[PDB]
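Q: There's a structure below that I have some questions on.
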Amino acid sequence: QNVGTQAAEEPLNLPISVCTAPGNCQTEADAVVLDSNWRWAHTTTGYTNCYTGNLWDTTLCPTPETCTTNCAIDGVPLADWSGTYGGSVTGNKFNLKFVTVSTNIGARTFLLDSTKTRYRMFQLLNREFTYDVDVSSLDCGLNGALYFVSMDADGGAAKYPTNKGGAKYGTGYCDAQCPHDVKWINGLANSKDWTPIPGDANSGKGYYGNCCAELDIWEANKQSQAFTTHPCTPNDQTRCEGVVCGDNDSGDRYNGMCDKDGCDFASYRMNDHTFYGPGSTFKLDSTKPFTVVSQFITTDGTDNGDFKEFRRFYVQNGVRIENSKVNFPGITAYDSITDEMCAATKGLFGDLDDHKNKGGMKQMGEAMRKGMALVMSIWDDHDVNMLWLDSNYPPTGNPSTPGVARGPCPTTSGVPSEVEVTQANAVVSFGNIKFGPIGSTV
């Protein structure tokens, strides 16, 4: 995309901590940038929309190349962050409102480095990543997500010279779902064969998808939470078409370059229904804030080893809370993501181990070694109504069959039109982000 001249781009300042030992950290003066999908797209030498509602203008965008020549994405000024997009920062806390009323629904954002010209790339192997979260106002059907993806640090600017904005304009998004709803891919409008998504007034799908590796630290609302590894072959940003995208709609979910299911550790799905929930007698009380700690263990305990284990623990009101465990007869009580856990649990659930097909923890680790961009988002799910996270999936499945039940939400929950009314004022908060060696962040 070209860059427009109507509004300066002003990312929100967000300090994080880089740590060397427990309680010995230094501030890193980073910032938050809005994903290019949420930006106004208009004519390069005017005010005329190139995209309105869920459609590209066919006169301006008869082809992707012409669209890209004629159109530009514009900046987010400071005033518009809260007023238009529902984003705000107080000290080291970042807040994202779900619906902001001209009416904005959801948000996806990235962490910029201290220069505000590149994404802050995190080399996560043999490191610990930690943050405080509040998901108390997110119920069934919503997801306040924090995760990493194998985006380029410059959003693709060096690879795709028609991308003028780079990381500064939140470009280059890709993930392990190979999404077609990304409006700008490889420096070009994804306007070919663009199709609105029914019941989604703001979104559509273009000819291409954009694939890359994804490490989900946090997919969650107050009812259920998960962390998940998604390797791809290769891991780096890859525009896809046809079978390579692994499109759900053509029966290709397991035929593409990315592991779409991922290998998940989701406490409720692993059959501990009392670990996490909205109340003081759950082990971890989702009505109150808490700290989420993630440790990425290698084979030799060094930065050069292969990724072998994703460990997790929590801190809430000064109380250390170890992760829940897998709880099925004849299955080891795993409390972390490893290749063995993935094989054993997917075996039990009858899920295809595409994680293993894509190179497993080792391949996931190669993405983490090269460095990944931090994503913070809030969203509802127009495909599957978040049932995969917090309900029975498939909805018609027996909840006593291992793998089906992922949370207590009813199978009628999560319809975007309903959650966008009922949960309009939901806000996820991510704060006090800390990064360092294992054992350094609490």
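Residue numbering restarts at 1 in every chain; chains get A, B, ... in the order shown in the structure tokens, and ligands count up from 1 in that same order.
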Within 6 Å of region 91-94 of chain A, counting only C-alpha atoms, which residues show up once you throw out same-chain ones fewer than 4 positions away? Write them as a ChimeraX atom specification, please.
A: /A:14-15,429-432
Q: Using only C-alpha atoms, I'd like a table of the residues in region 174-277 of chain A that come within 12 Å of region 283-305 of chain A; for each, show the closest atom pair and its distance in Å rounded to one decimal, ordered by chain and ascending number, as JSON lines.
A:
{"residue": "A:215", "atom": "CA", "partner": "A:296", "partner_atom": "CA", "distance": 10.9}
{"residue": "A:216", "atom": "CA", "partner": "A:294", "partner_atom": "CA", "distance": 10.6}
{"residue": "A:217", "atom": "CA", "partner": "A:294", "partner_atom": "CA", "distance": 7.5}
{"residue": "A:218", "atom": "CA", "partner": "A:292", "partner_atom": "CA", "distance": 8.7}
{"residue": "A:219", "atom": "CA", "partner": "A:292", "partner_atom": "CA", "distance": 12.0}
{"residue": "A:220", "atom": "CA", "partner": "A:286", "partner_atom": "CA", "distance": 10.0}
{"residue": "A:221", "atom": "CA", "partner": "A:286", "partner_atom": "CA", "distance": 8.2}
{"residue": "A:222", "atom": "CA", "partner": "A:286", "partner_atom": "CA", "distance": 5.1}
{"residue": "A:223", "atom": "CA", "partner": "A:286", "partner_atom": "CA", "distance": 7.6}
{"residue": "A:224", "atom": "CA", "partner": "A:286", "partner_atom": "CA", "distance": 9.1}
{"residue": "A:225", "atom": "CA", "partner": "A:286", "partner_atom": "CA", "distance": 9.9}
{"residue": "A:226", "atom": "CA", "partner": "A:292", "partner_atom": "CA", "distance": 11.6}
{"residue": "A:227", "atom": "CA", "partner": "A:294", "partner_atom": "CA", "distance": 9.6}
{"residue": "A:228", "atom": "CA", "partner": "A:294", "partner_atom": "CA", "distance": 11.6}
{"residue": "A:229", "atom": "CA", "partner": "A:296", "partner_atom": "CA", "distance": 11.4}
{"residue": "A:267", "atom": "CA", "partner": "A:284", "partner_atom": "CA", "distance": 11.1}
{"residue": "A:272", "atom": "CA", "partner": "A:283", "partner_atom": "CA", "distance": 10.5}
{"residue": "A:273", "atom": "CA", "partner": "A:283", "partner_atom": "CA", "distance": 10.2}
{"residue": "A:274", "atom": "CA", "partner": "A:283", "partner_atom": "CA", "distance": 6.8}
{"residue": "A:275", "atom": "CA", "partner": "A:283", "partner_atom": "CA", "distance": 4.8}
{"residue": "A:276", "atom": "CA", "partner": "A:284", "partner_atom": "CA", "distance": 4.9}
{"residue": "A:277", "atom": "CA", "partner": "A:286", "partner_atom": "CA", "distance": 5.3}
Q: With C-alpha atoms kept, could you save the residues just selected as a PDB file, in the first residue's frame?
A:
ATOM      1  CA  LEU A 215       2.689 -18.972  18.746  1.00  0.00           C
ATOM      2  CA  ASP A 216      -0.504 -18.370  20.728  1.00  0.00           C
ATOM      3  CA  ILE A 217       0.337 -17.260  24.252  1.00  0.00           C
ATOM      4  CA  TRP A 218      -3.247 -16.406  25.103  1.00  0.00           C
ATOM      5  CA  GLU A 219      -6.568 -17.171  23.400  1.00  0.00           C
ATOM      6  CA  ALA A 220      -9.152 -16.385  26.051  1.00  0.00           C
ATOM      7  CA  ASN A 221     -12.190 -14.971  27.669  1.00  0.00           C
ATOM      8  CA  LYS A 222     -13.362 -15.297  31.306  1.00  0.00           C
ATOM      9  CA  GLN A 223     -14.735 -18.853  30.633  1.00  0.00           C
ATOM     10  CA  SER A 224     -11.841 -20.617  28.849  1.00  0.00           C
ATOM     11  CA  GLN A 225      -8.203 -20.049  27.892  1.00  0.00           C
ATOM     12  CA  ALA A 226      -5.634 -21.808  25.702  1.00  0.00           C
ATOM     13  CA  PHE A 227      -2.050 -21.629  24.545  1.00  0.00           C
ATOM     14  CA  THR A 228      -1.087 -23.205  21.256  1.00  0.00           C
ATOM     15  CA  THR A 229       1.830 -23.779  18.862  1.00  0.00           C
ATOM     16  CA  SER A 267      -7.076 -26.452  30.677  1.00  0.00           C
ATOM     17  CA  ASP A 272      -9.805 -29.754  34.370  1.00  0.00           C
ATOM     18  CA  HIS A 273     -13.021 -27.718  34.447  1.00  0.00           C
ATOM     19  CA  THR A 274     -12.297 -26.149  37.889  1.00  0.00           C
ATOM     20  CA  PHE A 275      -8.863 -24.620  37.197  1.00  0.00           C
ATOM     21  CA  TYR A 276      -9.949 -21.402  35.453  1.00  0.00           C
ATOM     22  CA  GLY A 277     -13.214 -19.503  35.668  1.00  0.00           C
TER      23      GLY A 277
END
Q: Could you jot down the CA of residue 65 (chain A) to CA of residue 189 (chain A) separation for me, Å, one decimal place?
A: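 These two atoms are separated by 7.4 Å.
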Q: Let's see if you can do this: from backbone DSSP, list all alpha helix (DSSP H) residues in region 140-360 of chain A, as a PDB file with N, CA, C and O atoms, in the first residue's frame.
A:
ATOM      1  N   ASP A 339       6.198 -32.317  22.085  1.00  0.00           N
ATOM      2  CA  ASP A 339       5.822 -33.231  20.988  1.00  0.00           C
ATOM      3  C   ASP A 339       5.050 -34.444  21.498  1.00  0.00           C
ATOM      4  O   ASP A 339       4.034 -34.819  20.910  1.00  0.00           O
ATOM      5  N   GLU A 340       5.521 -35.046  22.587  1.00  0.00           N
ATOM      6  CA  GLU A 340       4.844 -36.219  23.165  1.00  0.00           C
ATOM      7  C   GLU A 340       3.420 -35.893  23.629  1.00  0.00           C
ATOM      8  O   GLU A 340       2.500 -36.662  23.363  1.00  0.00           O
ATOM      9  N   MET A 341       3.242 -34.771  24.326  1.00  0.00           N
ATOM     10  CA  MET A 341       1.907 -34.335  24.759  1.00  0.00           C
ATOM     11  C   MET A 341       0.977 -34.174  23.554  1.00  0.00           C
ATOM     12  O   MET A 341      -0.166 -34.617  23.582  1.00  0.00           O
ATOM     13  N   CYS A 342       1.487 -33.546  22.499  1.00  0.00           N
ATOM     14  CA  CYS A 342       0.723 -33.325  21.274  1.00  0.00           C
ATOM     15  C   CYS A 342       0.284 -34.634  20.627  1.00  0.00           C
ATOM     16  O   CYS A 342      -0.874 -34.779  20.272  1.00  0.00           O
ATOM     17  N   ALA A 343       1.204 -35.583  20.504  1.00  0.00           N
ATOM     18  CA  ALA A 343       0.894 -36.896  19.927  1.00  0.00           C
ATOM     19  C   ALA A 343      -0.125 -37.666  20.783  1.00  0.00           C
ATOM     20  O   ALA A 343      -1.094 -38.215  20.258  1.00  0.00           O
ATOM     21  N   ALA A 344       0.089 -37.681  22.095  1.00  0.00           N
ATOM     22  CA  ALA A 344      -0.772 -38.441  23.009  1.00  0.00           C
ATOM     23  C   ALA A 344      -2.193 -37.880  23.061  1.00  0.00           C
ATOM     24  O   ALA A 344      -3.154 -38.634  22.948  1.00  0.00           O
ATOM     25  N   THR A 345      -2.317 -36.561  23.208  1.00  0.00           N
ATOM     26  CA  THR A 345      -3.625 -35.924  23.346  1.00  0.00           C
ATOM     27  C   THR A 345      -4.402 -35.913  22.026  1.00  0.00           C
ATOM     28  O   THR A 345      -5.600 -36.186  22.009  1.00  0.00           O
ATOM     29  N   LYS A 346      -3.721 -35.631  20.919  1.00  0.00           N
ATOM     30  CA  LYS A 346      -4.374 -35.689  19.615  1.00  0.00           C
ATOM     31  C   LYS A 346      -4.784 -37.115  19.264  1.00  0.00           C
ATOM     32  O   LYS A 346      -5.859 -37.323  18.694  1.00  0.00           O
ATOM     33  N   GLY A 347      -3.949 -38.087  19.635  1.00  0.00           N
ATOM     34  CA  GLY A 347      -4.326 -39.510  19.567  1.00  0.00           C
ATOM     35  C   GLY A 347      -5.629 -39.814  20.299  1.00  0.00           C
ATOM     36  O   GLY A 347      -6.543 -40.442  19.745  1.00  0.00           O
ATOM     37  N   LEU A 348      -5.728 -39.347  21.540  1.00  0.00           N
ATOM     38  CA  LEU A 348      -6.947 -39.532  22.336  1.00  0.00           C
ATOM     39  C   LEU A 348      -8.167 -38.843  21.704  1.00  0.00           C
ATOM     40  O   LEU A 348      -9.239 -39.434  21.609  1.00  0.00           O
ATOM     41  N   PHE A 349      -7.983 -37.600  21.276  1.00  0.00           N
ATOM     42  CA  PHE A 349      -9.061 -36.788  20.714  1.00  0.00           C
ATOM     43  C   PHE A 349      -9.474 -37.212  19.311  1.00  0.00           C
ATOM     44  O   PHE A 349     -10.543 -36.818  18.853  1.00  0.00           O
ATOM     45  N   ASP A 354      -1.274 -32.637  12.631  1.00  0.00           N
ATOM     46  CA  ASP A 354      -0.652 -31.825  11.581  1.00  0.00           C
ATOM     47  C   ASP A 354       0.536 -31.042  12.141  1.00  0.00           C
ATOM     48  O   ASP A 354       1.467 -30.713  11.408  1.00  0.00           O
ATOM     49  N   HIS A 355       0.496 -30.762  13.444  1.00  0.00           N
ATOM     50  CA  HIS A 355       1.634 -30.204  14.186  1.00  0.00           C
ATOM     51  C   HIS A 355       2.920 -30.987  13.909  1.00  0.00           C
ATOM     52  O   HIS A 355       3.941 -30.412  13.507  1.00  0.00           O
ATOM     53  N   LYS A 356       2.845 -32.306  14.084  1.00  0.00           N
ATOM     54  CA  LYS A 356       3.965 -33.203  13.776  1.00  0.00           C
ATOM     55  C   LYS A 356       4.322 -33.193  12.289  1.00  0.00           C
ATOM     56  O   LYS A 356       5.509 -33.163  11.942  1.00  0.00           O
ATOM     57  N   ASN A 357       3.316 -33.215  11.414  1.00  0.00           N
ATOM     58  CA  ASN A 357       3.560 -33.143   9.957  1.00  0.00           C
ATOM     59  C   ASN A 357       4.332 -31.885   9.550  1.00  0.00           C
ATOM     60  O   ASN A 357       5.155 -31.929   8.635  1.00  0.00           O
ATOM     61  N   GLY A 360       6.721 -30.060  14.048  1.00  0.00           N
ATOM     62  CA  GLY A 360       6.553 -30.099  15.495  1.00  0.00           C
ATOM     63  C   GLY A 360       7.186 -28.949  16.255  1.00  0.00           C
ATOM     64  O   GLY A 360       7.328 -27.839  15.736  1.00  0.00           O
TER      65      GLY A 360
END
Q: Just give me the gap between CA of residue 183 (chain A) and CA of residue 67 (chain A) in Å, one decimal is fine.
A: 11.2 Å
Q: For region 107-122 of chain A, list every protein, DNA or RNA residue within 6 Å, evaluated using only C-alpha atoms, and leave out those in the same chain fewer than 3 positions away; present the list as a VMD selection string.
A: chain A and resid 29 to 35 153 to 154 167 to 168 371 to 378
Q: Pick out the residues sitting within 10 Å of residue 211 (chain A), and hand them over as a PyMOL selection string; count only C-alpha atoms, and ignore anything fewer than 5 positions along from it in its own chain.
A: chain A and resi 149-151+173-180+232-240+244-246+256-258
Q: Near residue 36 (chain A), counting only C-alpha atoms, which residues have an atom at most 7 Å away, once you skip same-chain residues fewer than 2 positions from it, shown as a list in words?
A: residues 34, 38, 39, 169, 170 and 171 of chain A
Q: Dump C-alpha atoms for the selected residues as a compact mmCIF listing (two decimals), in the first residue's frame?
A:
# COMPACT_ATOMS: atom_id res chain seq x y z
CA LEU A 34 -2.93 -0.59 14.46
CA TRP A 38 -8.51 -1.17 10.22
CA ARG A 39 -7.11 1.84 8.30
CA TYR A 169 1.38 1.35 9.18
CA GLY A 170 0.78 -2.13 10.65
CA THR A 171 1.30 -3.98 7.35
Q: When you draw a straight line from CA of residue 172 (chain A) to CA of residue 249 (chain A), how long is it in Å?
A: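 CA of residue 249 (chain A) lies at a distance of 23.8 Å from CA of residue 172 (chain A).
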Q: Using only C-alpha atoms for the distances, tell me which of A:136, A:2, A:425, A:210 is nearest to residue 100 (chain A).
A: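 Comparing A:136, A:2, A:425, A:210 against residue 100 (chain A), the winner is A:425.
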Q: Tell me which protein, DNA and RNA residues are within 10 Å of residue 187 (chain A), counting only C-alpha atoms, leaving out same-chain ones fewer than 5 positions away, and put them as a count of residues only.
A: 19
